[PDB]
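Residue numbers (the deposited numbering): 1 to 118. Even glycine gets a Cβ: it sits at the ideal position worked out from N, Cα and C. First the structure, in the form of structure tokens, and then the observations on it.
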């Protein structure tokens with residue numbers, strides 16, 4: 001357990017499929033996130049505050065589908081919008097780009113269901 005030792009990668013532990021996602025979807029590395037259906041992301045009343053470790057916001061124009069970033073995943077690991085498959089840690093539903101700090105996240109999918117090439 002030694003952070004930032006010869007590590008030139010900052011992916012989702014593996015990504016792979018999530019990397020194909022990050023290549024197929026127009027987003028940014030330090031603003032890469034996953035957003036889930038509001039009823040599930042907000043399933044827990046504490047979950048709503050759990051995703052906002054840095055006082056962040058939800059989808060741009062849609063207060064409900066909040067997005068947790070890869071850094072947030074290494075901070076808490078919000079399983080509300082994260083799904084696990086043998087391809088690695090991947091999106092649960094909606095893929096979008098979200099800033100760490102304070103502002104909404106932009107969605108470049110919406111109606112694609114956050115699919116990834118294998």
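Collapsed DSSP secondary structure at residue i in the structure displayed
{"i": "residue 3", "result": "coil"}
{"i": "residue 59", "result": "strand"}
{"i": "residue 108", "result": "coil"}
{"i": "residue 41", "result": "helix"}
{"i": "residue 30", "result": "helix"}
Nearest residue (CA-CA) to residue i, options the options
{"i": "residue 37", "options": "28, 19, 106, 62", "result": "62"}
{"i": "residue 32", "options": "1, 111, 47, 81", "result": "81"}
{"i": "residue 113", "options": "21, 12, 3, 1", "result": "21"}
{"i": "residue 34", "options": "6, 15, 118", "result": "15"}
{"i": "residue 29", "options": "8, 13, 97, 73", "result": "97"}
{"i": "residue 103", "options": "24, 56, 13, 48", "result": "56"}
Element boundaries [alpha helix (DSSP H), containing residue i]
{"i": "residue 101", "result": "Segment: none, residue 101 is in no alpha helix (DSSP H) and carries neither H nor E."}
{"i": "residue 24", "result": "17–24"}
{"i": "residue 49", "result": "47–50"}
Buried/exposed call for residue i, threshold 16 Cβ in 10 Å
{"i": "residue 92", "result": "buried"}
{"i": "residue 45", "result": "exposed"}
{"i": "residue 51", "result": "buried"}
{"i": "residue 54", "result": "exposed"}
{"i": "residue 58", "result": "buried"}
{"i": "residue 72", "result": "buried"}
{"i": "residue 12", "result": "buried"}
{"i": "residue 8", "result": "exposed"}
{"i": "residue 26", "result": "exposed"}
First and last residue of the uninterrupted beta strand (DSSP E) at residue i
{"i": "residue 68", "result": "67–69"}
{"i": "residue 83", "result": "82–85"}
{"i": "residue 88", "result": "88–91"}
Within-8 Å CB hit, residue i to chain D
{"i": "residue 35", "result": "The structure shown contains no chain D; it holds only a single protein chain."}
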